[PDB]
Amino acid sequence: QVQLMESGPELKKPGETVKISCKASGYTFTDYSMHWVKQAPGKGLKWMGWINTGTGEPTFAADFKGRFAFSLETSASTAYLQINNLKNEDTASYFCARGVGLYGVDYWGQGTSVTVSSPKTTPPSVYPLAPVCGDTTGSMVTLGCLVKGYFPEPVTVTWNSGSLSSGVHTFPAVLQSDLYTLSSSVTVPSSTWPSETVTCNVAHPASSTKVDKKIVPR
Amino acid sequence: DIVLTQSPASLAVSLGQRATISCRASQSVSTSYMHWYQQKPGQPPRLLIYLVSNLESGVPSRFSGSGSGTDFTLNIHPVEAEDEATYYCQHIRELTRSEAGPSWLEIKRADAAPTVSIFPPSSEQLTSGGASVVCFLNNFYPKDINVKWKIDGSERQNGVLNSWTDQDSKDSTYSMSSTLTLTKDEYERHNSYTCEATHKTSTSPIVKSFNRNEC
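Chains E and L, in that order, give the protein sequences.
Per our numbering, residue 233 is the first one in the first sequence, and the count goes up by one each step.
Per our numbering, residue 4 is the first one in the second sequence, and the count goes up by one each step.
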């Protein structure tokens with residue numbers, strides 16, 4: 233049972249440094265190289281380099297030279313990746329992967345997300361969104377919940393404490409002024425609302441806030 | 004300096020069908036030394052083929068690897084629902100290791116027009132001096148869609164943010180949210196707000212709109 237386990241997610245500010253660990257189990261650490269790969273959130277996989285396991289020597293791709301470091305602690309079968317002078321475009325997931333020489337890489341670690349930004353922890357404003365005239369088609373009616381200006385992610389948005397899963401669309405957050413916003417819509421038959429209560433719930437564990445906004449007709 | 008091109012960018016499939024994903028190298032008779040990886044959202048890649056013809060130890064025998072030097076293919080003899088994912092092909096022949104831009108494998112369904120919904124600023128956001136107009140375009144297929152905002156019949160591009168979901172787990176549709184954020188003060192100097200989508204399912208834009216003066 234081969235396994236590559238990486239350290240947890242990290243939030244850093246520009247100019248800081250981060251070090252990411254990758255621990256190998258179930259095989260002889262020194263018999264395989266170790267590679268590192270960067271994925272941007274959009275975006276296709278990009279190789280950063282590799283480290284000789286036996287000699288503890290880094291090789292870097294040209295685009296990853298001088299601000300990145302590979303290191304080892306052989307006795308503990310872990311490899312490290314360290315990024316210096318963190319810049320905004322270092323926001324990404326970073327993977328370690330076991331090298332099989334001319335055949336590339338075979339096992340992958342679960343990945344470590346890295347976020348670089350200057351905002352401070354901020355709780356969201358939560359806005360109920362009640363329908364207007366054309367927001368009914370046929371039997372159904374669509375209601376919304378807008379969650380604006382928080383940091384960091386995640387937020388958990390549910391509807392009536394999760395009992396209303398069936399017709400929900402919750403959208404990924406996008407940045408705005410180095411803060412995040414997401415939206416969520418829920419569609420229900422026009423004969424349950426507003427006769428039956430519909431409430432969106434937002435939890436933001438980084439700021440210890442939990443808020444409910446009932447959607448009330450305009 | 005060794006590009007690897009994958010086609011197509013996206014592939015819509017029904018299960019039981021045999022799909023072929025193609026890959027091409029720009030240089031070398033990069034010999035075999037080509038690998039395929041499968042990645043599902045929020046997960047690390049998992050290996051499928053090593054040297055372009057061998058299955059790694061756990062992958063089902065429906066997965067097949069073929070081709071040499073400049074052309075390679077990954078083949079699924081009858082696609083299954085659990086095979087929905089992105090597929091990357093990489094070449095280990097030369098350094099630096101390079102991966103191709105992936106191929107997305109999506110489930111095919113019947114085409115569906117967006118259900119469109121528009122929401123004016125909440126009164127709580129108005130009292131803070133902000134004004135976001137939000138538009139939901141829900142449960143459409145295929146995924147390609149273009150949305151424009153119009154303020155009193157004039158198109159607006161600044162202040163617009165969009166998010167989209169991936170393919171839904173039951174209906175297999177896609178959904179999208181588009182938000183026009185304004186100051187309260189520019190918001191109340193205009194009358195009509197409209198989002199309109201262009202989509203394959205319709206020959207006219209799909210319009211939703213409200214007018215602050217029509218009550």
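Don't be surprised by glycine CBs; every beta carbon is placed ideally from N, CA and C.
{"Check": "Beta-carbon proximity list for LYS245/E, same chain, < 8 Å, skipping 5 on both sides", "Outcome": "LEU318, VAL348, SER349, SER350"}
{"Check": "Own chain, CB closer than 7 Å to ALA293/E, minus 5 neighbours either side, in chain order", "Outcome": "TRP279, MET280, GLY281"}
{"Check": "is_contact[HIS401/E, chain L] using C-beta, thresh 7 Å", "Outcome": "yes"}
{"Check": "Within-7 Å CB hit, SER398/E to chain L", "Outcome": "no"}
{"Check": "contact_flag[the region 89-108 of chain L, the region 24-41 of chain L] where n(CB pairs < 8 Å) is 3 or more", "Outcome": "yes"}
{"Check": "Own chain residues within Cβ distance below 7 Å of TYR190/L, not counting five before or after", "Outcome": "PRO124, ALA134"}
{"Check": "Beta-carbon contacts of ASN216/L that lie in its chain and below 8 Å, excluding the five residues immediately before and after", "Outcome": "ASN194"}
{"Check": "Where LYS319/E sits in the DSSP three-state scheme", "Outcome": "coil"}
{"Check": "Minimum length 4: unbroken alpha helix (DSSP H) runs contained in the region 129-196 of chain L", "Outcome": "187-190"}
{"Check": "Identity of the residue in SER126/L, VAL82/L, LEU54/L, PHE139/L nearest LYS111/L by Cα", "Outcome": "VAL82/L"}
{"Check": "Proximity test, Cβ basis, 7 Å: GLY104/L and chain E", "Outcome": "yes"}
{"Check": "8 Å Cβ cut-off: residues of chain A touching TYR335/E", "Outcome": "No chain A appears in this structure, whose protein chains are E and L."}
{"Check": "Nearest residue (CA-CA) to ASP171/L, options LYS146/L, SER181/L, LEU164/L", "Outcome": "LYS146/L"}
{"Check": "Test: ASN141/L CB closer than 7 Å to a CB of chain E", "Outcome": "yes"}
{"Check": "First and last residue of the uninterrupted beta strand (DSSP E) at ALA301/E", "Outcome": "300-305"}
{"Check": "Where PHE261/E sits in the DSSP three-state scheme", "Outcome": "helix"}
{"Check": "Chain L within 7 Å of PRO426/E, Cβ atoms only", "Outcome": "no"}
{"Check": "Residue environment, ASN320/E, which counts as buried when at least 16 other CB atoms sit within 10 Å", "Outcome": "exposed"}
{"Check": "Residues near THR429/E by beta carbon distance below 7 Å, same chain, minus five either side", "Outcome": "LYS446"}
{"Check": "Backbone CA spacing between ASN149/L and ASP174/L [nearest angstrom]", "Outcome": "21 Å"}
{"Check": "Neighbour flag for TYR264/E against chain L, beta carbons, 7 Å", "Outcome": "no"}
{"Check": "C-beta contact flag for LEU51/L and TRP39/L at 7 Å", "Outcome": "yes"}
{"Check": "6 Å Cβ shell around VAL119/L - same chain, five flanking residues per side excluded", "Outcome": "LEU140, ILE209, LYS211"}
{"Check": "Residue of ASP367/E, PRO355/E, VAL434/E minimising C-alpha distance to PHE383/E", "Outcome": "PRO355/E"}
{"Check": "Rounded straight-line distance, which links the Cα of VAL434/E to that of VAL358/E", "Outcome": "8 Å"}
{"Check": "Inter-residue Cα distance where the pair is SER325/E and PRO290/E", "Outcome": "20 Å"}
{"Check": "Beta-carbon proximity check, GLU238/E vs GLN342/E, cutoff 7 Å", "Outcome": "yes"}
{"Check": "CB-CB length for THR73/L against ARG27/L, believed under 8 Å", "Outcome": "6 Å"}
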